[PDB]
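Peer 1: Input structure: run_27.cif, which contains mmCIF, N, CA and C atoms.
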data_structure
loop_
_atom_site.label_atom_id
_atom_site.label_comp_id
_atom_site.auth_asym_id
_atom_site.auth_seq_id
_atom_site.Cartn_x
_atom_site.Cartn_y
_atom_site.Cartn_z
N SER A 1 -35.57 138.31 95.62
CA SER A 1 -34.89 137.05 95.23
C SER A 1 -33.57 136.92 95.97
N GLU A 2 -33.37 135.81 96.70
CA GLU A 2 -32.21 135.56 97.57
C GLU A 2 -31.65 134.15 97.32
N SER A 3 -30.34 133.97 97.54
CA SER A 3 -29.60 132.73 97.26
C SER A 3 -28.23 132.71 97.98
N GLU A 4 -27.49 131.60 97.85
CA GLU A 4 -26.23 131.31 98.54
C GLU A 4 -25.24 130.57 97.63
N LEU A 5 -23.94 130.67 97.95
CA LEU A 5 -22.82 130.17 97.15
C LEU A 5 -21.71 129.58 98.04
N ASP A 6 -20.81 128.81 97.42
CA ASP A 6 -19.67 128.13 98.05
C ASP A 6 -18.55 127.90 97.01
N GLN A 7 -17.30 128.02 97.44
CA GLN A 7 -16.09 127.90 96.61
C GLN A 7 -15.20 126.71 97.04
N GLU A 8 -15.57 125.96 98.09
CA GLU A 8 -14.83 124.78 98.56
C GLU A 8 -15.21 123.54 97.72
N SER A 9 -14.74 123.50 96.47
CA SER A 9 -15.09 122.49 95.47
C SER A 9 -14.03 122.36 94.35
N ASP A 10 -14.05 121.22 93.64
CA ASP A 10 -13.13 120.85 92.55
C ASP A 10 -13.72 119.71 91.69
N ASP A 11 -13.22 119.56 90.46
CA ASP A 11 -13.71 118.60 89.46
C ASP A 11 -12.65 118.11 88.45
N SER A 12 -11.43 118.66 88.44
CA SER A 12 -10.38 118.30 87.46
C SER A 12 -8.98 118.81 87.87
N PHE A 13 -7.97 117.93 87.78
CA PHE A 13 -6.56 118.20 88.09
C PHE A 13 -5.64 117.15 87.43
N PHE A 14 -4.35 117.46 87.31
CA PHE A 14 -3.33 116.59 86.73
C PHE A 14 -3.14 115.27 87.51
N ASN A 15 -2.77 114.21 86.78
CA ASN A 15 -2.42 112.89 87.32
C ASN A 15 -1.49 112.14 86.34
N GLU A 16 -0.34 111.69 86.82
CA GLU A 16 0.65 110.93 86.05
C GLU A 16 0.33 109.42 86.01
N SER A 17 0.89 108.72 85.02
CA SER A 17 0.69 107.27 84.77
C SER A 17 2.04 106.52 84.64
N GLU A 18 3.14 107.18 85.02
CA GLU A 18 4.53 106.77 84.81
C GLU A 18 5.48 107.55 85.75
N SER A 19 6.69 107.05 85.96
CA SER A 19 7.69 107.66 86.86
C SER A 19 9.13 107.23 86.49
N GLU A 20 9.68 106.20 87.15
CA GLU A 20 11.02 105.68 86.91
C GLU A 20 11.03 104.75 85.68
N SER A 21 11.87 105.06 84.70
CA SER A 21 11.94 104.38 83.39
C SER A 21 13.22 104.75 82.61
N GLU A 22 13.48 104.06 81.50
CA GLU A 22 14.65 104.25 80.63
C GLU A 22 14.40 103.68 79.22
N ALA A 23 15.23 104.08 78.25
CA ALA A 23 15.15 103.70 76.83
C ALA A 23 16.51 103.84 76.13
N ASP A 24 16.66 103.22 74.96
CA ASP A 24 17.92 103.08 74.21
C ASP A 24 17.69 102.75 72.72
N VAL A 25 18.76 102.84 71.93
CA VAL A 25 18.81 102.56 70.48
C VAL A 25 20.14 101.87 70.13
N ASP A 26 20.16 101.09 69.05
CA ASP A 26 21.28 100.22 68.66
C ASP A 26 21.26 99.89 67.15
N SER A 27 22.43 99.63 66.58
CA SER A 27 22.64 99.29 65.16
C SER A 27 24.02 98.62 64.96
N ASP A 28 24.17 97.82 63.90
CA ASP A 28 25.32 96.95 63.63
C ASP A 28 25.41 96.57 62.14
N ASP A 29 26.63 96.35 61.64
CA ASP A 29 26.93 96.04 60.23
C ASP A 29 28.29 95.32 60.09
N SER A 30 28.33 94.28 59.26
CA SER A 30 29.48 93.38 59.04
C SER A 30 29.44 92.77 57.62
N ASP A 31 30.57 92.21 57.16
CA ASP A 31 30.70 91.58 55.84
C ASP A 31 31.68 90.38 55.88
N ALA A 32 31.15 89.19 55.57
CA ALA A 32 31.83 87.89 55.56
C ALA A 32 30.94 86.83 54.89
N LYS A 33 31.54 85.73 54.41
CA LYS A 33 30.79 84.60 53.83
C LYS A 33 29.91 83.87 54.88
N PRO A 34 28.71 83.37 54.51
CA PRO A 34 27.84 82.62 55.42
C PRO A 34 28.28 81.15 55.56
N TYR A 35 28.94 80.58 54.54
CA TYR A 35 29.35 79.17 54.43
C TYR A 35 30.24 78.93 53.18
N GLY A 36 30.79 77.71 53.06
CA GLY A 36 31.50 77.21 51.87
C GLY A 36 33.03 77.35 51.97
N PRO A 37 33.82 76.27 51.76
CA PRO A 37 35.28 76.34 51.63
C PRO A 37 35.72 77.14 50.40
N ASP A 38 36.93 77.72 50.46
CA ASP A 38 37.59 78.43 49.35
C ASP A 38 39.10 78.58 49.59
N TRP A 39 39.85 78.85 48.51
CA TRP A 39 41.29 79.13 48.52
C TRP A 39 41.59 80.47 47.83
N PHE A 40 42.50 81.26 48.42
CA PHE A 40 42.89 82.59 47.93
C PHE A 40 43.91 82.54 46.77
N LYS A 41 44.52 81.39 46.51
CA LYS A 41 45.59 81.21 45.51
C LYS A 41 45.03 81.04 44.09
N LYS A 42 45.55 81.82 43.13
CA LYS A 42 45.27 81.68 41.69
C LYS A 42 46.26 80.70 41.03
N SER A 43 45.87 80.10 39.90
CA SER A 43 46.66 79.12 39.15
C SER A 43 46.15 78.96 37.70
N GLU A 44 46.77 78.07 36.92
CA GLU A 44 46.50 77.81 35.50
C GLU A 44 47.00 76.40 35.13
N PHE A 45 46.24 75.70 34.28
CA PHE A 45 46.43 74.28 33.98
C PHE A 45 46.34 74.01 32.46
N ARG A 46 47.20 73.12 31.96
CA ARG A 46 47.34 72.77 30.53
C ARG A 46 48.10 71.45 30.36
N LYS A 47 47.73 70.69 29.32
CA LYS A 47 48.38 69.44 28.88
C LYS A 47 48.34 69.29 27.34
N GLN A 48 49.00 68.26 26.80
CA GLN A 48 49.13 67.99 25.37
C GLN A 48 49.53 66.52 25.12
N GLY A 49 49.28 66.02 23.90
CA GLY A 49 49.58 64.64 23.48
C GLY A 49 51.05 64.42 23.10
N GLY A 50 51.97 64.92 23.93
CA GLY A 50 53.43 64.86 23.72
C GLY A 50 54.01 66.02 22.90
N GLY A 51 53.17 66.92 22.38
CA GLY A 51 53.58 68.13 21.65
C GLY A 51 54.04 67.89 20.21
N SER A 52 53.68 66.75 19.62
CA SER A 52 54.10 66.30 18.28
C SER A 52 53.16 65.21 17.72
N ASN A 53 53.42 64.74 16.49
CA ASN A 53 52.61 63.74 15.78
C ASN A 53 53.45 62.97 14.74
N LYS A 54 53.21 61.66 14.63
CA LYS A 54 53.88 60.75 13.68
C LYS A 54 53.02 60.44 12.43
N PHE A 55 53.62 59.78 11.44
CA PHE A 55 53.03 59.47 10.14
C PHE A 55 53.42 58.05 9.66
N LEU A 56 52.63 57.49 8.74
CA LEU A 56 52.76 56.10 8.26
C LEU A 56 53.74 55.93 7.08
N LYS A 57 54.41 57.01 6.66
CA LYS A 57 55.43 56.99 5.59
C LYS A 57 56.64 56.09 5.94
N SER A 58 57.25 55.47 4.94
CA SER A 58 58.32 54.47 5.08
C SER A 58 59.26 54.43 3.85
N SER A 59 60.36 53.68 3.93
CA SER A 59 61.36 53.59 2.85
C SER A 59 60.89 52.75 1.65
N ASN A 60 61.45 53.02 0.46
CA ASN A 60 61.09 52.36 -0.80
C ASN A 60 61.46 50.86 -0.83
N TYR A 61 60.67 50.07 -1.56
CA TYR A 61 60.82 48.61 -1.74
C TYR A 61 60.14 48.11 -3.03
N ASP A 62 60.36 46.83 -3.38
CA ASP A 62 59.82 46.20 -4.59
C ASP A 62 58.28 46.03 -4.52
N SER A 63 57.57 46.98 -5.12
CA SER A 63 56.09 47.06 -5.19
C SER A 63 55.63 48.20 -6.13
N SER A 64 56.26 49.38 -6.03
CA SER A 64 56.00 50.59 -6.85
C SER A 64 54.63 51.26 -6.55
N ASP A 65 54.26 52.28 -7.33
CA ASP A 65 53.03 53.07 -7.20
C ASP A 65 52.69 53.88 -8.47
N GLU A 66 53.69 54.53 -9.08
CA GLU A 66 53.56 55.42 -10.24
C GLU A 66 54.93 55.69 -10.89
N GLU A 67 54.94 55.91 -12.20
CA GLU A 67 56.12 56.16 -13.04
C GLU A 67 56.16 57.60 -13.59
N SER A 68 55.02 58.31 -13.67
CA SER A 68 54.95 59.70 -14.16
C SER A 68 53.71 60.45 -13.63
N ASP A 69 53.90 61.70 -13.17
CA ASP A 69 52.86 62.52 -12.53
C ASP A 69 53.11 64.04 -12.67
N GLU A 70 53.93 64.45 -13.64
CA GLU A 70 54.42 65.83 -13.83
C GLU A 70 55.01 66.05 -15.24
N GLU A 71 55.28 67.31 -15.58
CA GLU A 71 55.89 67.75 -16.84
C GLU A 71 57.30 67.16 -17.03
N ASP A 72 57.68 66.88 -18.28
CA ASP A 72 58.90 66.12 -18.61
C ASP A 72 60.23 66.88 -18.41
N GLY A 73 60.16 68.17 -18.07
CA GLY A 73 61.31 69.05 -17.83
C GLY A 73 60.92 70.53 -17.76
N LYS A 74 61.93 71.38 -17.52
CA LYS A 74 61.74 72.83 -17.28
C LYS A 74 62.93 73.74 -17.67
N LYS A 75 64.04 73.15 -18.16
CA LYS A 75 65.34 73.80 -18.43
C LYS A 75 66.08 74.23 -17.14
N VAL A 76 67.42 74.31 -17.18
CA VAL A 76 68.26 74.71 -16.03
C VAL A 76 69.47 75.53 -16.48
N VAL A 77 69.74 76.63 -15.77
CA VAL A 77 70.91 77.51 -15.91
C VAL A 77 71.34 78.06 -14.54
N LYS A 78 72.63 78.39 -14.41
CA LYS A 78 73.28 79.06 -13.27
C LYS A 78 72.79 78.60 -11.87
N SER A 79 73.28 77.46 -11.39
CA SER A 79 72.79 76.81 -10.16
C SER A 79 73.79 75.77 -9.58
N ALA A 80 73.32 74.88 -8.68
CA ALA A 80 74.06 73.72 -8.19
C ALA A 80 74.56 72.77 -9.31
N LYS A 81 74.06 72.93 -10.54
CA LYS A 81 74.59 72.28 -11.74
C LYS A 81 76.09 72.56 -11.93
N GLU A 82 76.53 73.77 -11.59
CA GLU A 82 77.91 74.25 -11.78
C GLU A 82 78.92 73.65 -10.79
N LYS A 83 78.46 72.96 -9.73
CA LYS A 83 79.30 72.15 -8.82
C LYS A 83 79.10 70.63 -8.98
N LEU A 84 78.35 70.20 -10.02
CA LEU A 84 78.01 68.80 -10.31
C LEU A 84 78.58 68.31 -11.66
N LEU A 85 78.83 69.21 -12.62
CA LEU A 85 79.54 68.88 -13.86
C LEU A 85 80.96 68.35 -13.58
N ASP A 86 81.45 67.46 -14.46
CA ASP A 86 82.77 66.81 -14.45
C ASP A 86 82.97 65.74 -13.35
N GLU A 87 81.96 65.48 -12.51
CA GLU A 87 81.97 64.44 -11.47
C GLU A 87 81.83 63.00 -12.05
N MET A 88 81.51 62.90 -13.34
CA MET A 88 81.12 61.70 -14.10
C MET A 88 81.11 62.08 -15.60
N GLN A 89 81.10 61.10 -16.50
CA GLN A 89 81.24 61.32 -17.96
C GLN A 89 80.01 60.86 -18.77
N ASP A 90 79.10 60.09 -18.17
CA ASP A 90 78.01 59.41 -18.89
C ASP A 90 76.62 60.00 -18.57
N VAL A 91 76.26 60.07 -17.28
CA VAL A 91 75.00 60.71 -16.82
C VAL A 91 75.13 62.24 -16.73
N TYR A 92 76.34 62.79 -16.87
CA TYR A 92 76.57 64.24 -16.96
C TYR A 92 76.45 64.79 -18.39
N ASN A 93 76.43 63.91 -19.40
CA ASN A 93 76.58 64.28 -20.81
C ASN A 93 75.50 65.24 -21.35
N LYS A 94 74.28 65.22 -20.78
CA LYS A 94 73.22 66.21 -21.09
C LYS A 94 73.27 67.49 -20.24
N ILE A 95 73.94 67.44 -19.09
CA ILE A 95 73.92 68.48 -18.04
C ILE A 95 74.73 69.70 -18.50
N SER A 96 75.72 69.49 -19.37
CA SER A 96 76.50 70.55 -20.05
C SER A 96 75.68 71.37 -21.07
N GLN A 97 74.44 70.97 -21.37
CA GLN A 97 73.52 71.66 -22.28
C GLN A 97 72.30 72.19 -21.52
N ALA A 98 71.59 71.33 -20.78
CA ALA A 98 70.54 71.66 -19.79
C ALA A 98 69.30 72.44 -20.28
N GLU A 99 69.20 72.71 -21.58
CA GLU A 99 68.09 73.40 -22.25
C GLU A 99 67.17 72.44 -23.03
N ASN A 100 67.42 71.12 -22.97
CA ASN A 100 66.76 70.09 -23.78
C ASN A 100 65.24 69.93 -23.51
N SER A 101 64.74 70.48 -22.40
CA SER A 101 63.31 70.68 -22.05
C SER A 101 62.46 69.43 -21.76
N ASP A 102 62.89 68.21 -22.12
CA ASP A 102 62.04 67.00 -22.08
C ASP A 102 62.75 65.70 -21.62
N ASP A 103 64.06 65.74 -21.34
CA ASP A 103 64.86 64.60 -20.85
C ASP A 103 65.13 64.63 -19.33
N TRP A 104 64.85 65.76 -18.68
CA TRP A 104 65.07 65.97 -17.25
C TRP A 104 64.22 65.05 -16.36
N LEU A 105 63.02 64.64 -16.79
CA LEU A 105 62.20 63.66 -16.05
C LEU A 105 62.91 62.30 -15.97
N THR A 106 63.38 61.79 -17.12
CA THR A 106 64.07 60.50 -17.26
C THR A 106 65.32 60.44 -16.39
N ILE A 107 66.08 61.54 -16.31
CA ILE A 107 67.30 61.62 -15.49
C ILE A 107 67.00 61.80 -14.00
N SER A 108 65.97 62.57 -13.64
CA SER A 108 65.58 62.77 -12.24
C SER A 108 65.02 61.48 -11.60
N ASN A 109 64.51 60.56 -12.41
CA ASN A 109 64.06 59.24 -11.96
C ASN A 109 65.21 58.31 -11.52
N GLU A 110 66.48 58.65 -11.81
CA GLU A 110 67.66 57.97 -11.27
C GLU A 110 68.56 58.87 -10.40
N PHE A 111 68.55 60.20 -10.59
CA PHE A 111 69.40 61.13 -9.83
C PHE A 111 69.06 61.19 -8.34
N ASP A 112 67.86 60.75 -7.97
CA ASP A 112 67.38 60.51 -6.61
C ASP A 112 68.41 59.78 -5.73
N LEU A 113 69.16 58.86 -6.35
CA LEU A 113 70.16 57.99 -5.72
C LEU A 113 71.61 58.33 -6.12
N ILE A 114 71.82 59.14 -7.16
CA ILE A 114 73.15 59.59 -7.63
C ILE A 114 73.60 60.84 -6.87
N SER A 115 72.79 61.91 -6.90
CA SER A 115 73.12 63.18 -6.25
C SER A 115 71.90 64.05 -5.91
N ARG A 116 71.80 64.42 -4.62
CA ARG A 116 70.80 65.37 -4.11
C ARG A 116 71.09 66.83 -4.51
N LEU A 117 72.25 67.12 -5.12
CA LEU A 117 72.57 68.43 -5.70
C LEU A 117 71.84 68.67 -7.03
N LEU A 118 71.55 67.61 -7.81
CA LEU A 118 70.88 67.74 -9.11
C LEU A 118 69.42 68.17 -8.94
N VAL A 119 68.73 67.61 -7.94
CA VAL A 119 67.38 68.05 -7.51
C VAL A 119 67.40 69.54 -7.15
N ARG A 120 68.43 69.99 -6.41
CA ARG A 120 68.59 71.40 -6.05
C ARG A 120 68.94 72.29 -7.25
N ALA A 121 69.63 71.75 -8.26
CA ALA A 121 70.03 72.50 -9.46
C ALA A 121 68.82 72.85 -10.33
N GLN A 122 67.85 71.94 -10.43
CA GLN A 122 66.62 72.16 -11.18
C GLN A 122 65.54 72.91 -10.39
N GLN A 123 65.45 72.71 -9.07
CA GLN A 123 64.38 73.27 -8.24
C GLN A 123 64.73 74.65 -7.67
N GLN A 124 66.00 74.86 -7.26
CA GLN A 124 66.56 76.14 -6.81
C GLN A 124 65.78 76.75 -5.63
N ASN A 125 65.46 75.91 -4.63
CA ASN A 125 64.70 76.26 -3.43
C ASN A 125 65.54 77.02 -2.38
N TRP A 126 66.24 78.07 -2.82
CA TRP A 126 67.17 78.89 -2.03
C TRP A 126 66.47 80.00 -1.21
N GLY A 127 65.18 80.25 -1.48
CA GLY A 127 64.37 81.34 -0.91
C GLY A 127 64.28 82.59 -1.80
N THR A 128 65.06 82.63 -2.89
CA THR A 128 65.06 83.63 -3.99
C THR A 128 64.96 85.09 -3.51
#
Using structure tokens, write down the structure that the file contains.
Peer 2:
Amino acid sequence: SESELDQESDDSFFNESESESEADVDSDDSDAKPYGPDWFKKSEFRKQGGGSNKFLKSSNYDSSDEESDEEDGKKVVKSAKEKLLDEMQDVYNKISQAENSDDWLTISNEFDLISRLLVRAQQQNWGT
């Protein structure tokens, strides 16, 4: 059995598909409004109807409303009574006693115009 051979042959080798080239990477970040007007200044706002209020009350005249709406008296001692005695002789005549309990209404219905001290003598609105 005889045969022959040869080594001048090939079937596979390297081959490139690329050569001169380049590449890169990039990134970015920012913060601002996309649109819309605005102001940086702060402030505060307030108003009122003049800061006060009026009423329909008025001075006395010929028409009236009521003659009695309270107890007829309460007694009085050690007060503005002690600077009101001896100023007069007729409407003072009960004031030197002041314990009568039931005549103080009748006198206060005229003392409104005689003396504002008599109202203070019976009421004693000093803050106690």
Peer 1: In Å, with one decimal, what is the gap from atom N of residue A:81 to atom N of residue A:118?
Peer 2: 6.5 Å
Peer 1: I need the output of the PyMOL selection byres (((chain A and resi 59-69 and name CA) around 10) and name CA) for this file as number ranges by chain; which residues are they?
Peer 2: A: 57-58, 70-72, 105-106, 109
Peer 1: Need to verify the contact set: stretch 96-99 of chain A, 8 Å, only C-alpha atoms, exclusion of same-chain residues closer than 6 positions in sequence. Can you return it as a ChimeraX atom specification?
Peer 2: /A:75-77,85
Peer 1: Determine the nearest neighbour of residue A:88 from the options A:122, A:43, A:115, A:52, counting only C-alpha atoms.
Peer 2: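 Among A:122, A:43, A:115, A:52, it is A:115 that comes nearest to residue A:88.
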Peer 1: Mind pulling up the distance from atom C of residue A:112 to atom CA of residue A:55?
Peer 2: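 We find that atom CA of residue A:55 and atom C of residue A:112 lie 22.1 Å from each other.
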Peer 1: Could you tell me which residues the PyMOL selection byres ((chain A and resi 80) around 6) grabs in this file, written as a PyMOL selection string?
Peer 2: chain A and resi 78-79+81-84+117+120-121
Peer 1: Expressed in Å to a single decimal, how great is the separation between atom CA of residue A:111 and atom CA of residue A:128?
Peer 2: 23.6 Å
Peer 1: Quick check for you: according to DSSP on this backbone, which residues of chain A are classed as helix (DSSP H, G or I)? Reply as a PyMOL selection string.
Peer 2: chain A and resi 80-83+104-114+116-123
